[PDB]
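Undergrad: Provided herewith is a single structure, encoded as structure tokens, for subsequent inquiry.
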2 protein chains.
Amino acid sequence: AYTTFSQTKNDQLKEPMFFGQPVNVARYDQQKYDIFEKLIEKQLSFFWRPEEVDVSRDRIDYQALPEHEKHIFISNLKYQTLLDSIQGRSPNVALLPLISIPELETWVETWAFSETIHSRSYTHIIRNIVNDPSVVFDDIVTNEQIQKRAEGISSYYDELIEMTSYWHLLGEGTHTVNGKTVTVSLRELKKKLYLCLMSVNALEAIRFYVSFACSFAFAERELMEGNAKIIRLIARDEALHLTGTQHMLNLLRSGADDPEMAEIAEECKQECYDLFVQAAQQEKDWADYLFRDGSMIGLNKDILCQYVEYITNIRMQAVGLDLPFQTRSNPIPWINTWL
Amino acid sequence: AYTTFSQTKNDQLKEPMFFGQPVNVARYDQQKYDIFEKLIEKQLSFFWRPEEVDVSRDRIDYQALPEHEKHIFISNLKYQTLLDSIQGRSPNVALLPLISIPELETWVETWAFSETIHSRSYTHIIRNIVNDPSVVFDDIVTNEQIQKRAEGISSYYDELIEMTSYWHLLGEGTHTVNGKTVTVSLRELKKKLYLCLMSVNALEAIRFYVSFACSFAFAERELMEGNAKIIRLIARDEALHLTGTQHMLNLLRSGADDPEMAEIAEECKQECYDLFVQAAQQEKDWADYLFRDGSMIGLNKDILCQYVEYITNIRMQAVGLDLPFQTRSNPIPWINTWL
Ligand SMILES: [Fe+3]
Ligand SMILES: [Fe+3]
Ligand SMILES: [Fe+3]
Ligand SMILES: [Fe+3]
């Protein structure tokens with residue numbers, strides 16, 4: 001029942017963000033929510049290409065790094081490339097079929113596109129610092145630690161796409177699939193969406209910000225400066241991306257957009273809190289892997305775990321969740337100059 | 001069975017364009033088909049924003065147009081906005097779930113994104129020349145003539161998405177859906193893809209080029225020059241877009257990518273020819289609507305129909321179809337300076 005051009009002339013100003021009539025005409029003279037129009041415009045204004053950044057000195061730095069410092073740098077880079085491999089495609093495959101207002105439709109496609117630039121920038125970095133990029137790229141899919149995070153993150157998107165496919169084909173109700181019982185509930189699909197957005201918000205607002213700290217710690221030592229300039233550009237995009245999911249999550253939560261979402265968001269409250277806590281703990285456990293073979297000037301397991309708690313508290317509050325950790329000051333204030 | 005990060009470490013250089021393992025890692029150090037990497041790079045190099053173009057004189061021109069010339073201009077603009085409303089979303093929703101090589105995945109997301117810029121540029125034009133843009137935007141969905149083309153074009157995408165949803169959930173075979181028979185065939189889904197790409201190629205390579213002729217005919221009269229500058233930028237993107245579908249269609253046809261596609265493409269040959277002929281006839285009938293109330297200097301029903309035949313022959317040949325019309329010279333050679 002999904003359609004790439006819905007024939008009904010609907011008032012797009014009254015549609016909900018999600019699960020309404022698929023957007024027919026893409027117009028930009030008006031918005032229900034102008035934050036999405038402001039995010040499009042800002043992301044457009046930021047357009048950059050990786051090749052605009054000189055990464056030619058980073059091979060020298062990378063080779064001069066002690067082996068455990070190479071391990072810190074490349075593990076971090078591998079994790080970023082994993083995450084924006086998912087982010088390049090997943091907003092488009094998972095969110096587009098559900099969007100019912102043009103400004104959010106176009107924001108999501110602009111968001112995903114900006115992720116492909118990030119993915120291309122990671123390739124630009126990798127091929128300029130290692131001799132065999134395939135070894136790096138292949139380790140991303142087979143790395144025991146990396147593959148752990150990939151599973152959980154992608155499952156939020158996959159479960160949403162699968163249930164979407166059932167809902168578009170069958171609609172709500174209980175159905176027969178080769179003698180199996182399939183209960184299709186829009187309330188449940190709305191739950192899958194809200195949890196997915198919560199997971200995506202933790203991804204961009206916490207998981208990538210932990211990784212930014214690792215990259216900029218090298219830059220603080222005047223090393224891997226080409227990488228650091230690219231990460232500055234990525235982080236500036238990332239701030240737009242998390243603002244997007246913050247607004248989607250809060251507009252759903254308030255009931256201003258879908259009153260059914262407000263009560264779903266309350267039912268999901270503990271499960272949202274738990275998923276944020278788990279992601280923060282997973283990033284703490286990732287720090288044990290990053291520093292498995294030793295630490296470096298300005299960054300170690302303890303410092304980075306403090307930063308996880310610091311940033312997690314900020315992000316959870318902004319989407320209305322209680323704080324899981326003691327309130328603390330920024331343990332790495334030097335990171336602010338890069339952001 | 002669709003996954004946003006497939007866990008198997010596969011050789012992406014050996015995957016097919018479509019229906020293979022979904023792309024896990026987005027890497028750009030290598031390509032199976034470097035045309036898609038070249039298209040990404042070129043489209044990135046072309047990045048433009050509508051607001052970079054001064055459209056401030058076009059309101060004066062538009063108001064000075066006789067009523068039938070306003071009708072020609074705005075009907076053409078309405079049709080373009082319809083078509084790139086579909087093109088902004090549909091490559092992402094319809095093609096992304098099926099792509100199994102990273103360079104094609106990223107090309108498709110870059111292609112769709114560049115379409116949203118076109119859609120935003122049409123909004124930029126509309127709001128600068130009419131007093132009530134809503135009347136324009138609403139007529140796009142309700143216009144009897146426009147809605148006719150929207151139905152057929154969107155059906156190629158919708159049928160492909162629906163069958164995709166059955167294939168990811170159920171896989172190949174015959175299944176029970178509430179006591180109904182559903183035969184899911186990958187060969188059939190491959191047929192839906194190939195016909196869709198043929199339809200999309202006619203869309204961008206013929207239907208939009210007919211509309212470019214209308215826009216540039218005004219520019220030839222030194223009218224609507226702001227519009228014309230935007231259409232120049234759009235047409236330059238369009239040439240990349242049709243090159244993309246040309247290569248997908250030809251690589252599938254050759255069997256170089258999927259040997260099963262080569263025999264499917266032969267079985268589909270007459271039906272591909274017929275769909276191109278129908279689109280050309282539909283564009284000829286659209287010219288009767290554009291010039292319903294009279295013609296203008298340099299462009300009329302007869303001239304535009306000659307251009308339909310001229311351009312249709314070129315596009316059909318490039319994707320290996322026989323020519324439906326007598327071979328003729330460019331009836332509007334002035335269009336070349338704008339392209
Ligand atoms: Fe990113
Ligand atoms: Fe992001
Ligand atoms: Fe376009
Ligand atoms: Fe196009």
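In the structure tokens, chains take letters A, B, ... by order of appearance, with residues numbered from 1 within each chain and ligands from 1 in the order shown.
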With only C-alpha atoms and all ligand atoms counted and 6 Å as the cut-off, give the residues of chain A in contact with ligand 1, each with its shortest interatomic distance in Å and the pair that gives it, as JSON lines.
TA:
```
{"residue": "A:84", "atom": "CA", "partner": "ligand 1", "partner_atom_place_in_ligand_line": "1 (Fe)", "distance": 5.1}
{"residue": "A:115", "atom": "CA", "partner": "ligand 1", "partner_atom_place_in_ligand_line": "1 (Fe)", "distance": 4.6}
{"residue": "A:118", "atom": "CA", "partner": "ligand 1", "partner_atom_place_in_ligand_line": "1 (Fe)", "distance": 5.2}
{"residue": "A:238", "atom": "CA", "partner": "ligand 1", "partner_atom_place_in_ligand_line": "1 (Fe)", "distance": 5.9}
```
Undergrad: Fewer than 3 positions away in the same chain doesn't count, so skip those; otherwise give me all residues within 6 Å of residue 165 of chain B, counting only C-alpha atoms, as a PyMOL selection string.
TA: (chain A and resi 165) or (chain B and resi 162+168)
Undergrad: Please, which residues of segment 161-315 of chain A, numbered as in this document, come out strand (DSSP E or B) from DSSP, as a VMD selection string?
TA: chain A and resid 173 to 177 180 to 184 296 299
Undergrad: Go through the chains and note each residue within 12 Å of ligand 3, using only C-alpha atoms and all ligand atoms, then give the set as a ChimeraX atom specification.
TA: /B:79-91,110-122,200,203-205,207-209,211-212,230-242
Undergrad: Find the residues near residue 75 of chain B: any atom within 10 Å, counting only C-alpha atoms, skip ones fewer than 4 places away on the same chain, and give them as JSON, numbers by chain.
TA: {"B": [69, 70, 71, 79, 80, 81, 136, 139, 140, 143, 145, 146, 211, 286, 289, 290]}
Undergrad: Restrict the distance test to only C-alpha atoms, flag each residue of chain A within 6 Å of chain B, and return the flagged residues as a PyMOL selection string.
TA: chain A and resi 3-4+9+25-26+28+85+123+141+154+158+165+176-178
Undergrad: Please, could you write that set of residues out with N, CA and C atoms as a PDB file, in the first residue's frame?
TA:
```
ATOM      1  N   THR A   3       3.160   4.056  -1.869  1.00  0.00           N
ATOM      2  CA  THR A   3       3.067   4.669  -3.187  1.00  0.00           C
ATOM      3  C   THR A   3       4.070   5.808  -3.327  1.00  0.00           C
ATOM      4  N   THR A   4       4.806   5.823  -4.440  1.00  0.00           N
ATOM      5  CA  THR A   4       5.771   6.890  -4.679  1.00  0.00           C
ATOM      6  C   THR A   4       5.122   8.206  -5.103  1.00  0.00           C
ATOM      7  N   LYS A   9      -5.096  14.765  -2.848  1.00  0.00           N
ATOM      8  CA  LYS A   9      -4.633  16.110  -2.505  1.00  0.00           C
ATOM      9  C   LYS A   9      -4.844  16.320  -1.016  1.00  0.00           C
ATOM     10  N   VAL A  25       3.652  15.691  -3.572  1.00  0.00           N
ATOM     11  CA  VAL A  25       4.419  16.795  -4.148  1.00  0.00           C
ATOM     12  C   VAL A  25       5.466  17.275  -3.150  1.00  0.00           C
ATOM     13  N   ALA A  26       6.704  17.409  -3.622  1.00  0.00           N
ATOM     14  CA  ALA A  26       7.799  17.946  -2.814  1.00  0.00           C
ATOM     15  C   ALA A  26       7.799  19.463  -2.990  1.00  0.00           C
ATOM     16  N   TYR A  28       8.469  23.402  -0.858  1.00  0.00           N
ATOM     17  CA  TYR A  28       9.322  23.946   0.192  1.00  0.00           C
ATOM     18  C   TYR A  28       8.990  25.406   0.477  1.00  0.00           C
ATOM     19  N   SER A  85      28.792   3.596   7.548  1.00  0.00           N
ATOM     20  CA  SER A  85      28.241   2.668   6.567  1.00  0.00           C
ATOM     21  C   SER A  85      26.769   2.445   6.846  1.00  0.00           C
ATOM     22  N   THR A 123      37.326   6.651   3.558  1.00  0.00           N
ATOM     23  CA  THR A 123      38.149   5.993   2.547  1.00  0.00           C
ATOM     24  C   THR A 123      39.349   6.856   2.187  1.00  0.00           C
ATOM     25  N   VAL A 141      34.207  -5.898   9.106  1.00  0.00           N
ATOM     26  CA  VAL A 141      33.081  -6.822   9.097  1.00  0.00           C
ATOM     27  C   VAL A 141      33.352  -8.025   9.992  1.00  0.00           C
ATOM     28  N   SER A 154      22.251  -2.157  13.952  1.00  0.00           N
ATOM     29  CA  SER A 154      21.487  -2.490  12.760  1.00  0.00           C
ATOM     30  C   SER A 154      20.167  -3.181  13.090  1.00  0.00           C
ATOM     31  N   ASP A 158      16.635  -2.849  11.172  1.00  0.00           N
ATOM     32  CA  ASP A 158      16.106  -4.004  10.448  1.00  0.00           C
ATOM     33  C   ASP A 158      14.711  -4.365  10.935  1.00  0.00           C
ATOM     34  N   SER A 165       7.389  -3.532   6.053  1.00  0.00           N
ATOM     35  CA  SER A 165       6.974  -4.331   4.908  1.00  0.00           C
ATOM     36  C   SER A 165       5.668  -5.073   5.186  1.00  0.00           C
ATOM     37  N   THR A 176      -2.632 -14.642   8.154  1.00  0.00           N
ATOM     38  CA  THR A 176      -2.159 -16.001   7.913  1.00  0.00           C
ATOM     39  C   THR A 176      -1.001 -15.963   6.923  1.00  0.00           C
ATOM     40  N   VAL A 177       0.164 -16.438   7.355  1.00  0.00           N
ATOM     41  CA  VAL A 177       1.359 -16.501   6.518  1.00  0.00           C
ATOM     42  C   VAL A 177       1.847 -17.942   6.557  1.00  0.00           C
ATOM     43  N   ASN A 178       1.449 -18.736   5.564  1.00  0.00           N
ATOM     44  CA  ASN A 178       1.805 -20.153   5.503  1.00  0.00           C
ATOM     45  C   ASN A 178       1.392 -20.877   6.782  1.00  0.00           C
TER      46      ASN A 178
END
```
Undergrad: Apply DSSP to the structure's backbone, then extract all residues of segment 149-263 of chain B labelled alpha helix (DSSP H) and return them as a count of residues only.
TA: 87
Undergrad: Which distance in Å separates atom CA of residue 73 of chain B and atom CA of residue 31 of chain A, to one decimal?
TA: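 We find that atom CA of residue 73 of chain B and atom CA of residue 31 of chain A lie 25.8 Å from each other.
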